Amino acid sequence: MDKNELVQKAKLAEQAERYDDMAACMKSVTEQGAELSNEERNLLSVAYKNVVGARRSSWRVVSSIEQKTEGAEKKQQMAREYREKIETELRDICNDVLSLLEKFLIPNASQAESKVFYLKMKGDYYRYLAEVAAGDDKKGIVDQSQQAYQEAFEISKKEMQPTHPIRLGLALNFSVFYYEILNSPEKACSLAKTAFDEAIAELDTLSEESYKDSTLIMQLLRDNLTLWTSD
Amino acid sequence: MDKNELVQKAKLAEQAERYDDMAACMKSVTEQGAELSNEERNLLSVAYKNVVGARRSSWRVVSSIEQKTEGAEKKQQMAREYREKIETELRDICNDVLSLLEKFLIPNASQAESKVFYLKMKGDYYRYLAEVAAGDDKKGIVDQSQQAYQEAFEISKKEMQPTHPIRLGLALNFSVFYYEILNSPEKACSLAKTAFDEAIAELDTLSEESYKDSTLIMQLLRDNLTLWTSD
Amino acid sequence: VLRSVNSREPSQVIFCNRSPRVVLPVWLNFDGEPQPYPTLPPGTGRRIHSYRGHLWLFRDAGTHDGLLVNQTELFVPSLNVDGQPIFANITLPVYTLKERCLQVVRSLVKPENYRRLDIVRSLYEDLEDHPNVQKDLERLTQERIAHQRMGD
Amino acid sequence: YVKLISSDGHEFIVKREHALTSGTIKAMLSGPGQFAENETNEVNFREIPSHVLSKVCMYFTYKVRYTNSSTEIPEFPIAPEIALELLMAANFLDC
Amino acid sequence: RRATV
Amino acid sequence: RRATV
Amino acid sequence: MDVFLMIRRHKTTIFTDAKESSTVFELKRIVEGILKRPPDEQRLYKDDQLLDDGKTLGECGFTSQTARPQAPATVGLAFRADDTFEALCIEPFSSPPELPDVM
Ligand SMILES: C=CC(C)(C)OC[C@H]1O[C@H](O[C@@H]2C3=C([C@H](C)CNC(=O)CCCCCCCCCCCC(=O)N[C@H](C(=O)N4C[C@H](O)C[C@H]4C(=O)NCc4ccc(-c5scnc5C)cc4)C(C)(C)C)C[C@H](O)[C@]3(C)/C=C3/[C@@H](COC)CC[C@H]3[C@@H](C)[C@H]2O)[C@H](O)[C@@H](O)[C@@H]1O
């Protein structure tokens with residue numbers, strides 16, 4: 001099937017709320033071994049975001065049920081059987097996405113905006129493994145997550161002004177990573193405030209086109225800082 | 001798998017909004033051929049109502065996109081192919097439930113309440129098939145929907161109080177069938193008004209346990225009457 | 001007593017600088033804290049995206065002097081009637097004879113040298129105790145409390 | 001009108017409505033004994049020289065003209081050389 | 001839209 | 001809960 | 001349009017406004033109202049130029065742009081002493097002190 005067809009069928013899958021089909025359509029484009037443009041890049045992200053997001057949501061619910069069946073042996077057993085299956089889907093999805101990233105996207109990516117996007121997504125999909133993982137296995141996955149965020153971060157610091165949605169969205173997810181995974185609430189609060197301070201400083205130079213996503217993230221930065229100070 | 005283990009898995013799937021897993025568990029309970037309890041019947045209904053409701057919602061959105069893409073041949077064709085896929089999934093879900101109703105639930109229903117519940121449900125699933133049916137097959141599907149609602153209605157009038165939640169819910173869904181499928185607004189309004197007026201006249205007899213469910217269904221009957229009388 | 005609401009209702013505004021000042025627009029956040037937005041030069045206009053029920057105030061970028069906006073000291077957007085942009089006419093207040101003589105000296109003499117001047121010593125404190133947003137927010141807080149108590 | 005007399009003997013004839021911009025001039029022109037038919041509407045400033053008092057009289061006209069005005073309010077020009085004397089005079093005059 | 005249950 | 005994008 | 005004026009004679013200075021369309025004769029009536037000298041006993045000047053009673057303040061070059069509230073235009077005044085006009089005499093205002101080094 002044509003790139004044009006698969007990209008249009010991804011939007012049909014989006015509108016139909018069939019995110020599994022949408023991800024399959026965008027994967028079929030990605031296996032062409034060509035770069036994705038700004039539109040195509042964002043479609044691939046929006047697809048796999050909701051596909052993994054459903055499994056993340058279902059995992060959190062079932063994990064909470066396993067604690068709410070504390071001492072009900074057979075029911076907690078059934079909850080663990082249910083959990084580790086949803087983890088397997090989440091894990092397989094992350095393994096598939098990191099495969100798509102490292103096989104096709106990350107070598108062929110030209111622009112710094114595209115590189116930092118894919119290196120954030122590498123960081124994120126290693127972080128969703130660090131969410132579910134246990135044992136020593138989590139340590140190397142956390143190092144991979146931190147490495148990909150740091151590699152993105154040092155490029156974004158040079159090739160992208162503060163007010164860019166991807167520089168803010170990287171800073172957001174990386175400060176969240178410091179809280180959720182690294183047990184580094186001071187470093188989280190350092191990074192999140194620094195991105196907030198830096199984004200305000202040049203806010204008049206930001207376009208009407210790029211405005212909306214950045215100020216969504218600047219709301220979220222402040223609300224995360226309000227949480228991490230209340231804790 | 002034991003019946004109780006399957007029912008507990010269906011309850012865990014409900015709390016996780018995994019209605020496809022809930023439907024697979026409650027199907028496996030129903031195919032054991034024992035009469036369902038009121039709780040098990042309600043779990044089966046919630047499972048398949050959400051599974052079919054999701055496909056119907058996707059189908060309406062994609063059908064509206066197919067219509068709005070008139071003159072864009074490639075986009076219209078992609079929307080059509082995706083609509084026909086959703087119609088196949090919807091047909092498979094409806095035929096699965098109809099097979100459960102006809103083989104295991106309606107024949108084994110000992111109580112009038114369970115019979116009216118399953119016949120109403122049979123009418124609902126044929127109505128959902130009639131919504132997506134084309135050509136000569138549509139007439140046979142419409143006749144099956146009407147037959148199941150009429151049989152439910154004759155039993156409900158003899159054996160159930162006007163204020164009973166299942167009798168009210170039958171009048172609600174059968175009035176929607178007259179409106180949306182038979183294009184018979186006078187019959188829809190006459191049925192909905194009769195059921196509302198009969199239930200108002202006896203509302204003071206209603207138990208505290210049924211009060212919330214019957215008054216919610218009476219509210220929906222009134223809201224439908226308001227909509228169809230303005231049209 | 002002075003802060004923005006999380007309304008989620010957009011509003012199109014145009015800031016019009018009707019002064020020969022480098023104006024510093026300031027938004028009060030959801031916790032009431034003044035966030036300084038980068039400046040508007042002398043006589044300039046600029047189109048702005050904001051929201052209904054968000055609270056703006058204005059400053060000079062130099063000595064931190066107060067400015068009016070549509071005669072008021074504070075600005076809160078409406079909705080855009082027929083899609084038309086709201087005029088926010090930033091203007092100079094009539095500073096008092098005392099205060100304008102303090103402002104002129106603040107611009108021309110470095111603070112450490114104020115206490116050399118042959119004046120009554122209260123004018124040292126009046127020179128030093130500058131325009132500050134905190135003073136005006138805590139003033140306007142008391143004024144809102146007063147005008148509410150007068151309406152209760 | 002009122003006559004404002006500087007320390008160097010310059011006489012400034014200003015509208016009474018403008019001179020009443022100063023709280024001090026208002027008090028000096030409303031003092032106990034000032035309902036006698038022989039009232040000189042004259043204020044003598046022993047310490048305010050003509051170059052300062054002239055600028056204060058311009059400020060009274062400016063203040064009255066731009067109070068409650070529709071219009072853009074122009075800057076009131078103060079030369080650095082008089083700024084300290086004008087500040088002392090404004091503080092004394094309550095204006 | 002109209003209600004069913 | 002905290003926001004990610 | 002309004003014009004803001006300093007009418008000056010010896011050590012006397014009157015602050016007043018007038019219309020740009022008002023005549024030099026009407027301005028002499030304002031001076032008569034204050035200094036109690038009739039218009040035929042008055043000469044008005046712009047710099048060294050004697051003003052004509054039939055001219056408007058605008059035609060004399062007093063306009064709302066040149067004669068502002070914060071920077072009023074100067075009008076010289078000389079009175080008739082007996083059969084002759086006194087010379088135009090305007091005492092300078094005091095000079096400001098030296099600017100302090102901190103300024
Ligand atoms: C399917 C794919 C397709 C369609 C192709 O594309 C997908 C998407 O791609 C793009 O987005 C991408 C993206 C996502 C985004 C997030 C989706 N978008 C949203 O859903 C919309 C917002 C929803 C939140 C509502 C929020 C409701 C609350 C409102 C509060 C309002 C509020 O109060 N705000 C205040 C505010 O704004 N103020 C305050 C005052 O009122 C003023 C105002 C002021 O300052 N205004 C500006 C201003 C500036 C200067 C001035 C001054 S002052 C003097 N001079 C000046 C000039 C004055 C004002 C504030 C901030 C201070 C608290 C998600 C995707 O996962 C994707 C692909 C992935 C990634 C992710 C990828 O990591 C790998 C990284 C990030 C991301 C990027 C790539 C996105 O770029 C399109 O841009 C999207 O449009 C498109 O949908």
**Asked** Percent relative contact order of chain D, based on C-alpha pairs within less than 8 angstrom and at least six residues apart?
**Response** 36
**Asked** Against the longest alpha carbon principal axis of chain D, how many degrees, from 0 to 90 and to the nearest 10, is the axis of helix D:50-66 turned?
**Response** 80
**Prompt:** Which distances, in nm and shortest first, link the A:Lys49 label point to the same label point in every other copy, taking 7 Å along Cα→Cβ?
**Reply:** 3.2
**Complete:** In whole percent, the Cα-Cα distances of region A:118-162 spread across 10 Å bins from 0 upward as 31, 45, 18, 6
**Asked** Which whole-number value in Å³ per residue fits the convex hull of the alpha carbons of region B:1-108?
**Response** 99
**Request:** Multiply the residue gap between B:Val46 and B:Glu73 by 0.36 nm, knock off their C-alpha separation, and tell me the result in nm, one decimal place.
**Result:** 5.8 nm
**Request:** List every DSSP H helix in chain B whose Cα atoms extend 20 Å or more along the helix's own long axis and whose mean Kyte-Doolittle hydropathy is at least 0.0.
**Result:** B:165-180, B:185-201
**Prompt:** Within 10 Å of each Cβ of A:7-19, how many other protein chain Cβ atoms are there on average?
**Reply:** 5
**Message:** Given the options A:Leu6, B:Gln147, A:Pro185, identify the residue whose Cα lies farthest towards the positive end of the charge dipole of the protein assembly as shown (+1 on Cβ of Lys, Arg; -1 on Cβ of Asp, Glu).
**Reply:** B:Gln147
**Asked** Can you list, bin by bin at 5 Å, the percent of alpha carbon pairs in region G:2-103, starting at 0?
**Response** 3, 12, 22, 24, 17, 9, 5, 3, 3, 1, 0, 0
**Cα long-axis angle, helix C:97-108 against chain C (0 to 90 degrees, to the nearest 10)** = 80
**Prompt:** For chain B, what relative contact order do you get, as a whole percent, if you take Cα pairs closer than 8 Å and at least 6 residues apart?
**Reply:** 13
**Complete:** Scoring only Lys, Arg, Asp and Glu (+1, +1, -1, -1) among other residues with Cβ under 14 Å from the Cβ of B:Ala34 yields -1
**Message:** Taking 24 Å as the cut-off for C-alpha to C-alpha distance, list the pairs among A:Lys68/B:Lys11; B:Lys122/B:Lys158; A:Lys49/A:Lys158 that go past it.
**Reply:** A:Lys49/A:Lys158
**Complete:** Other residues with Cβ under 11 Å from the Cβ of G:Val75 give, with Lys and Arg +1 and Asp and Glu -1, a net charge of +4
**Prompt:** In whole Å, what three semi-axes, largest first, describe the equivalent ellipsoid of the protein assembly as shown built from its Cα gyration tensor (square root of 5 times each eigenvalue)?
**Reply:** 83, 35, 26
**Prompt:** Anyone know which of C:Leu55, C:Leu74, C:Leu127 comes out most mobile in the 10 Å Cα GNM of chain C?
**Reply:** C:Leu127
**Message:** Let me confirm one metric for peptide D:6-13, namely the mean number of other chain beta-carbon atoms within 10 Å of its residues' beta-carbons.
**Reply:** 5
**Prompt:** How many Å³ per residue does the convex hull of the Cα positions in region C:10-91 occupy?
**Reply:** 84
**Asked** From the label point of A:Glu209, set 7 Å along Cα to the beta carbon, how far off in nm is each other copy's matching point, shortest first?
**Response** 6.5
**Message:** What translational diffusion coefficient, to the nearest whole µm²/s, does region B:100-231 have by Stokes-Einstein, given a Kirkwood radius computed over alpha-carbon pairs, a temperature of 37 °C and 0.692 mPa s viscosity?
**Reply:** 217
**Asked** To the nearest 20 debye, what is the magnitude of the charge dipole of the protein assembly as shown about its Cα centre, counting +1 on the Cβ of each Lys and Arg and -1 on the Cβ of each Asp and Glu?
**Response** 440
**Message:** Test of understanding: express the Cα radius of gyration of chain A as a ratio to 2.2 N^0.38 Å, with N the residue count.
**Reply:** 1.09
**Item:** Distances in nm from A:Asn38 to the matching label points in the other copies, shortest first (labels 7 Å along Cα to Cβ)
**Value:** 6.0
**Message:** Please compute the modelled spin-label separation between C:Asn6 and A:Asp223, points set 7 Å along Cα→Cβ, answer in nm with one decimal.
**Reply:** 0.5
**Message:** Given contacts defined as C-alpha pairs under 8 Å and at least six residues apart, what's the relative contact order of region A:110-231, whole-number percent?
**Reply:** 25
**Message:** Need one value for A:23-34: mean number of C-beta atoms belonging to other chains within 10 Å of its residues' C-beta atoms.
**Reply:** 0
**Asked** Once you list every other residue whose beta carbon is under 10 Å from the beta carbon of C:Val1, what net charge do they have if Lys and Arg are +1 and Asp and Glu are -1?
**Response** 0
**Request:** May I ask for the longest run of chain D untouched by GluC sites (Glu not before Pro) that are loop-located per DSSP and have at most 13 neighbouring C-beta atoms (other than their own) within 10 Å?
**Result:** D:1-36
**Complete:** The convex hull of the Cα atoms of chain C, divided by residue count, gives a volume in Å³ per residue of 142
**Asked** When the Cα centres of region B:35-57 and region A:1-20 are compared, how far apart do they sit, in Å?
**Response** 30
**Message:** Suppose we keep just the DSSP beta bridges with both residues in the protein assembly as shown; what percent of those would be antiparallel, to 5?
**Reply:** 75
**Asked** How far is helix C:133-149 tilted, in degrees, relative to the longest principal axis of the Cα atoms in chain C, given as a value from 0 to 90 rounded to the nearest 10?
**Response** 60
**Prompt:** How big is the shadow of the Cα convex hull of region B:182-231, averaged over all directions, in nm²?
**Reply:** 3.6
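We did not get these values from a lab; they are worked out from the coordinates using the rules stated. A quick note on method: Cβ atoms are made from the backbone with ideal geometry, for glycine too, and the neighbour counts reach across all protein chains shown.
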